[PDB]
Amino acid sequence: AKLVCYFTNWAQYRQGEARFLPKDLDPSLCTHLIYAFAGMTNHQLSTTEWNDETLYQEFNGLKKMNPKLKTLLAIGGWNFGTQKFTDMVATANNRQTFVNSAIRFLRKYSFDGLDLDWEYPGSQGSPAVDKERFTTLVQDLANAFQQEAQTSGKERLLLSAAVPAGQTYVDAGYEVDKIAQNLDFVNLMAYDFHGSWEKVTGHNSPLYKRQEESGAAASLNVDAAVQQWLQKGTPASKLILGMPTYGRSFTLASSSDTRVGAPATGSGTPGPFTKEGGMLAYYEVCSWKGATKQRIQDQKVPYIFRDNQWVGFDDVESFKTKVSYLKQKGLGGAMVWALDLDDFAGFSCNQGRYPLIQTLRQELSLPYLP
């Protein structure tokens, strides 16, 4: 089984005990660490933070402590948008420029592979032609990684992709059966199912549908998303189930209606550390004074509220339920967004360091590597 964990290169700017920096990485917590994010300049892979080269050295230096750890660099992300991806895949020459730059870049900084986080081909402004061009880009990278392994005699660079769970995004940009053959593994973003872009409360990452749901809404859950990618042609062993160590927050229309599906007026108040309206880290909801925790019986996940603030999140119990689920399905493992949103320092939840990700590790019965 795999435990794929995302590091974010902006967590270093959080204040106080929420600041995430080199020393906070555990070299044996996960099997694969993915560095978010790289960017693109003139169709070539490039850094996005002033000290990325310093962090790369720290990041990939973990492999000196755990030689079996694999590291990947993720390009893209939500805020990156789509225009640079669209321009790069528009021509064979631009794709070749990108592919060659990626191989040199990964080898130079000692990454073991590349994680494609284009969000998304065919959506977020990207034209419909990008669906097939994304298939071609995945093929170009896979084939070029294979060729580089042969000419260099080194171990082949890995290729993964972070993929959406909602059907409108999948059908707009993903030839699932084709790309699954060329990807080493598929990181299913089984979160952001609901959020403050909607006018009623809903859970970030529900495992199952609610009984009252219908239509397209009844597919906005983990089980439906997994079945979607499996039925569309992803081998179970390549499908890695994403897990959130954060929640999605709402400002309720009235403190007297705290139901799942209650009217919301907008995003929840920004957290004291993450400072991003609409989301909260696990350590910002696990010891929230005065709040009331609840569980969604149909969906097997908690929510919590205080006054006009409503947050759906994941706890140790829901992570355990989700792992038991993935095991029943025969999936390749779990993926986590993100290291810095768990209680990585153990300063808030009184559950030790990395309580959520240690739960995944234990439930997946991953080997204790020295």
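The first residue of the sequence shown is number 1, and the count goes up from there. Basically, rigid core = biggest C-alpha set you can superpose within 1.5 Å across the two forms.
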| item | value |
| --- | --- |
| Core-aligned Cα RMS comparison in 7 other deposited structures of this protein - stretch that moves more, 227 to 235 or 75 to 83 | 75 to 83 |
| RMS CA shift, core-fitted in 7 other deposited structures of this protein, bigger for 287 to 295 or for 183 to 191 | 287 to 295 |
| Of 251 to 259 and 214 to 222, the one with larger mean CA B-factor | 251 to 259 |
| Mean C-alpha B-factor comparison - 146 to 154 and 268 to 276, higher one | 146 to 154 |
| Residue with maximal Cα B-factor (values as given in the PDB entry) among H32, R306, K322, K63 | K63 |
| Criterion, highest CA B-factor; candidates, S28, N51, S318, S46 | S28 |
| CA B-factor placement of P206, once the chain's modelled residues are sorted into thirds | lowest |
| B-factor third for the C-alpha atom of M335 within its chain | lowest |
| B-factor third for the C-alpha atom of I357 within its chain | middle |
| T245 - Cα temperature factor, lowest/middle/highest third of chain | lowest |
| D177 CA temperature factor, ranked by third within the chain | highest |
